Chemist: 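Here it is, the structure, as structure tokens.
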Amino acid sequence: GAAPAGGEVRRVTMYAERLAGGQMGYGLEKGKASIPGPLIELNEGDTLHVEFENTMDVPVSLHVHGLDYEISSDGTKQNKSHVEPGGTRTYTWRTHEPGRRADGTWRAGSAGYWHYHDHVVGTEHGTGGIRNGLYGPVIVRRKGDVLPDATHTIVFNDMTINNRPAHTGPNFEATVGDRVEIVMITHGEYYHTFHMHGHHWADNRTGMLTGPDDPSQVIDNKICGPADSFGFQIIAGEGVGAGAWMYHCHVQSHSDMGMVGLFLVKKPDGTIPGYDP
Amino acid sequence: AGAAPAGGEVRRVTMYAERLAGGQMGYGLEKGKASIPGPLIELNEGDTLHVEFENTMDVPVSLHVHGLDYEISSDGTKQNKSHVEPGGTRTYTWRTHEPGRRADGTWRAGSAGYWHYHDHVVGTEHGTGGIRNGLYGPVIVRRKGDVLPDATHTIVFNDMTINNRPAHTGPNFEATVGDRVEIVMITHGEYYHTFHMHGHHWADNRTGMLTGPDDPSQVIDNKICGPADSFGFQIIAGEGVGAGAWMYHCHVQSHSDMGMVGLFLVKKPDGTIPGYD
Amino acid sequence: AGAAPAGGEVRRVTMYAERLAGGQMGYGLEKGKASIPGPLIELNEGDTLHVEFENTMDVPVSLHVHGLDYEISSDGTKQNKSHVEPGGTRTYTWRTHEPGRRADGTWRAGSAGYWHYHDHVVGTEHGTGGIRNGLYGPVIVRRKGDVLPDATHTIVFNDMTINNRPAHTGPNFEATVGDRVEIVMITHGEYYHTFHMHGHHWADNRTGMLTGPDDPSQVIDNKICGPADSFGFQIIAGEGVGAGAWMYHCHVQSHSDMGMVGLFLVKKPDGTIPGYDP
Ligand SMILES: [Cu+2]
Ligand SMILES: [Cu+2]
Ligand SMILES: [Cu+2]
Ligand SMILES: [Cu+2]
Ligand SMILES: [Cu+2]
Ligand SMILES: [Cu+2]
Ligand SMILES: [Cu+2]
Ligand SMILES: [Cu+2]
Ligand SMILES: [Cu+2]
Ligand SMILES: [Cu+2]
Ligand SMILES: [Cu+2]
Ligand SMILES: [Cu+2]
Ligand SMILES: [Mg+2]
Ligand SMILES: [Mg+2]
């Protein structure tokens, strides 16, 4: 399928909740917070009212990249758009289509791979909140964008993937030929290089070349730093077949210390040749 | 606003290297008016710039530029004996060119872009001391038809400082909603950074603006950069987000916590900033 | 200058992993001829390459490639048993494809680009020791019509070294004004770097050259890179700047200070270089 035109006013409830071991997460339903937080998907033109509630005992905020928001949804203590413990606030995110300005220039649309995160826990830049897990992905689609069979979010948060213990993935499953979308976000203190065995994408907005006139580099390794986000769609096993296809940071001490996961690509019969964990 | 005209003029300017307060060093176009960053040099593709350089300091200095056309005698390195002894003078010559089709059929790219100049001999034979002290400045080379901004602001991430300013001391930049604001972003020293602007976004290409609906460049509000990287872009102040004190900062978490933050102060037409002191 | 032809040929090469002087390890295409960086492999989109691999060492080694098409049995990892035991042999197969349209209407990029191969097994399950020792090399996949260079030079930022060399020992590369020179730039190890070339510049895209007036890619002379990044470009030696000893270096200041520097020696037609004494 493909993304339609946007322009709908959407509403969602979001909660900030404490998780085990001093972690913190966002969720759309009480008791269902996750790290990373829930995936938010919009079409260019949609407005999103996030009916936010802070269930925790310390102030929290919601700050987003890329989308249109007024200063009252900045989500910063500096602009008093944070949320006291037990408090509620409606954060409003807007998005727009590309189009030609009055001055004749081309205004870019909001479409892209974006993210939201806390901006007040621990420090007035959310350093503690981000460490604890207060981050999630946002995808804004342009009319006509191809929709994937599945979407997986990989966050390099310092020297962890999605705040998980070292050497515990996460792993993602697909069948050869699935259209798999990856959302890749970085957070914290470190630079990383994201690498996928057996797969490759275009270094552009969608991760696929628009066609024979697109000059973007085709890569399988990409340097990223704190708050970078990008994404792409790949065809699982395309040209390479089934297997346990590693993805990892390629900084050698990072992969050695467990910033590694598996893209488990199954044959139609469900099997993965050579996988023996 | 307006549009850059075709280039090809032979320009001259005087430049001085001078000590500034606090052990710093800076370039200036007039004696006693050195600044950090140094003066913005603007050229149209095809222009030549003769820089009549004077070192007013007691140690050797040099002038090295990125991206422009210069002969080995304008390298600005002791390795090529193109540095300037204390109290000495030298004319550095920079040339630029338009794009065009080569005889071998390939396309020769033009000089247009966001570039920079800096010292290459103070402290070490790579200018490590000079760059630390403040000897760096921006160069913009425009292509005919490029959109001209209402103002240009230079943001240099020099090690753990912005423009050699003390931690948490800006700089701040003011604009009015709707202003076409041009940002030149340069990085120097030892560390990688990620430049982020609240409430604004740009295209990751030469100009920071999409050329049109066919341009696949990623639209971003966060960009990793390392020593001697330079990029620039233009934004419409407050476009889709309104007035406010819009933070910009390095997004490496400890760097924003330890002072690499500033404010893009976007005023209403009446000159006020809602929710700002 | 010449142009790459269409691909589609089945190629075969023998590759040896061998210990080198100074506690290093390298790949070579002929026995006793290993080098750091490893030999340059050049393919046209559509070519298949069968690498008949020989491990002459006393530890397991592997061959892992970026960007190219390979089945899991040619992954080159211990995890799926595609490493090569000491004294062993294995045939790794690399395939490449041309650009085209998918049935779902989307464009499938071709394999063309600046890629690289390296060990994935020595020292750790990610080849940390093998890469550090010198088990890396470049792979160029050309698209039909790509312009061919007069020379190709590979520059690998491996931890704090260039091509595993001692600090302040280059390498240097020579050219004549007007030569079309190709640079393959690969990064490995632990650290980020920024690659800078005095006097020259390129486009931040697949080929390093703008396709024409509609290509909006940034033109640069400085680029941040991290472990396993690869890019490449072509420059006309001395174009608009003339002959000379043109430094290239990492621009992280302590890195250039510590010797991550080399010389692009661009000669005049008489063979001399202005302002440079050998
Ligand atoms: Cu912020
Ligand atoms: Cu990493
Ligand atoms: Cu790999
Ligand atoms: Cu952020
Ligand atoms: Cu230099
Ligand atoms: Cu920083
Ligand atoms: Cu932000
Ligand atoms: Cu420089
Ligand atoms: Cu790997
Ligand atoms: Cu370096
Ligand atoms: Cu330079
Ligand atoms: Cu690799
Ligand atoms: Mg691009
Ligand atoms: Mg990039």
Side-chain angles (χ1 to χ4, degrees), chain B residues 64 66-75 77 79-82 95-97 99 101-102 104-116 123-128 131-132 159 187-192 203-207 209-211 214-217 224-231, chain C residues 1-3 147 178 180 191-204 207-226 234 236 238-247 249-258 260-261 263 266 273-276:
Chain B
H64 173 71
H66 284 241
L68 304 195
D69 309 320
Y70 55 90
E71 293 180 301
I72 203 62
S73 54
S74 283
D75 203 26
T77 72
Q79 292 89 323
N80 274 118
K81 282 133 154 44
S82 42
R95 294 192 170 85
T96 63
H97 62 277
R101 184 81 52 193
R102 283 195 195 87
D104 60 22
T106 56
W107 189 254
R108 181 182 178 195
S111 294
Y114 291 99
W115 305 105
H116 61 104
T124 77
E125 289 179 4
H126 285 96
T128 300
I131 295 170
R132 280 194 202 160
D159 287 326
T187 300
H188 267 306
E190 295 293 323
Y191 309 116
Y192 89 91
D204 197 9
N205 62 9
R206 170 176 80 82
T207 69
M209 296 159 279
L210 293 180
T211 65
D214 290 344
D215 184 339
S217 307
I224 189 173
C225 44
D229 276 348
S230 60
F231 68 95
Chain C
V147 51
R180 177 172 282 279
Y191 310 120
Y192 89 91
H193 304 276
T194 55
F195 172 83
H196 175 56
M197 281 192 76
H198 282 228
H200 299 79
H201 39 255
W202 68 96
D204 196 10
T207 68
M209 306 158 263
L210 292 178
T211 66
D214 301 312
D215 187 342
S217 305
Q218 194 178 344
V219 174
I220 61 172
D221 69 5
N222 202 91
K223 180 171 170 77
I224 191 178
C225 40
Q234 298 184 6
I236 301 308
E239 180 172 59
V241 299
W246 294 107
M247 295 178 46
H249 54 88
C250 180
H251 214 303
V252 180
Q253 290 298 136
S254 67
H255 294 196
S256 62
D257 288 336
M258 287 163 56
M260 287 193 81
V261 184
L263 295 176
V266 177
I273 304 184
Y276 173 77

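Side chains are part of it too, since the values below use all heavy atoms of this structure and drop only hydrogens, waters and symmetry mates. Chain identifiers are assigned alphabetically (A, B, ...) following the order of the sequence lines, protein sequences preceding nucleic acid strands; residue numbering begins at 1 within each chain.
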Chemist: Report which part of B:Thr211 has an atom under 4.5 Å of a heavy atom belonging to chain C: side chain, backbone, both, or neither.
Modeler: side chain
Chemist: Using modelled atom types only, decide if a donor and an acceptor are shared between the side chain of C:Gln234 and the backbone of C:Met209 within a distance under 3.5 Å.
Modeler: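 Checking the backbone N and O of C:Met209 against the side chain of C:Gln234, no donor-acceptor pair under 3.5 Å is found.
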Chemist: What part of B:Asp104 gets closer than 4.5 Å to chain C, counting heavy atoms only: side chain, backbone, both or neither?
Modeler: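 It is the side chain, since no backbone atom gets that close.
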Chemist: By a 4.5 Å heavy-atom criterion (distance strictly below it), what part of C:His196 contacts chain B: side chain, backbone, both, or neither?
Modeler: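 For C:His196, the side chain is the part near chain B, not the backbone.
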Chemist: Quick one: side-chain hydrogen bond (donor to acceptor under 3.5 Å, both in side chains) partners of B:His97, sequence neighbours excluded?
Modeler: B:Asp69, B:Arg108, B:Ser111
Chemist: Tell me whether C:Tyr192 contacts the main-chain N or O of B:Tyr192 through its side chain, where contact means a donor paired with an acceptor under 3.5 Å.
Modeler: yes
Chemist: Without swapping roles, check the side chain of C:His193 against the backbone of C:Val252 for a donor-acceptor pair under 3.5 Å.
Modeler: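 The answer is no, because no donor-acceptor pair under 3.5 Å joins these two groups.
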Chemist: Counting heavy-atom pairs under 4.5 Å with chain C, which one of B:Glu71, B:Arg101, B:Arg132, B:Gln79 comes out on top?
Modeler: B:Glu71
Chemist: Keeping the roles fixed (side chain from C:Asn222, backbone from B:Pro227), state whether a donor-acceptor pair exists under 3.5 Å.
Modeler: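 Side chain of C:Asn222 to backbone of B:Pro227, a donor-acceptor pair under 3.5 Å: yes, one is there.
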Chemist: Just so I understand: if I count every heavy-atom pair under 4.5 Å between each of C:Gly244, C:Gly275, C:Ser256 and chain B, which residue has the most?
Modeler: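 Heavy-atom pair counts peak at C:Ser256.
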Chemist: B:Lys81, B:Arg95, B:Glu125, B:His64: which one forms the most heavy-atom pairs within less than 4.5 Å of chain C?
Modeler: B:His64
Chemist: Non-hydrogen atoms of chain C under 4.5 Å away: do they reach the side chain of B:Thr187, the backbone, both or neither?
Modeler: neither
Chemist: Quick check on C:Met247 against chain B: is it the side chain, the backbone, both or neither that has a heavy atom closer than 4.5 Å?
Modeler: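 C:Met247 touches chain B through side-chain heavy atoms alone.
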Chemist: Taking every heavy-atom pair that is under 4.5 Å apart, which of C:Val147, C:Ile220, C:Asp214, C:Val266 has the most such pairs with chain B?
Modeler: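 Top count of heavy-atom pairs under 4.5 Å with chain B: C:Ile220.
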Chemist: For each of B:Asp75, B:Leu68, B:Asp159, B:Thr207, tally heavy-atom pairs with chain C at distances under 4.5 Å, and name the one with the top tally.
Modeler: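 Maximum pair count with chain C is reached by B:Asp75.
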Chemist: Using a distance-only test with no angle check, is there a side-chain donor-acceptor pair under 3.5 angstrom linking C:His255 and C:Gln253?
Modeler: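 The criterion, which ignores hydrogens and geometry beyond distance, is not satisfied for C:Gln253 and C:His255.
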Chemist: Is chain B contacted by the side chain of C:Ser217, its backbone, both, or neither, given a heavy-atom distance below 4.5 Å?
Modeler: backbone
Chemist: Can you tell me which portion of B:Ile131 sits under 4.5 Å from chain C's heavy atoms? Options are side chain, backbone, both or neither.
Modeler: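 For B:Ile131, side-chain heavy atoms alone lie under 4.5 Å from chain C.
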Chemist: ring-ring contact (aromatic ring centres under 6.0 Å, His included) with B:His66: which of C:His200, C:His198, C:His201, C:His251?
Modeler: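 Testing B:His66 for a ring-ring contact (aromatic ring centres under 6.0 Å, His included) against C:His200, C:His198, C:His201, C:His251 leaves exactly one candidate, C:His251.
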Chemist: Listed by chain and number, what are the side-chain hydrogen bond (donor to acceptor under 3.5 Å, both in side chains) partners of B:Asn205, not counting sequence neighbours?
Modeler: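 B:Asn205 satisfies side-chain hydrogen bond (donor to acceptor under 3.5 Å, both in side chains) with B:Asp215 once adjacent residues are dropped.
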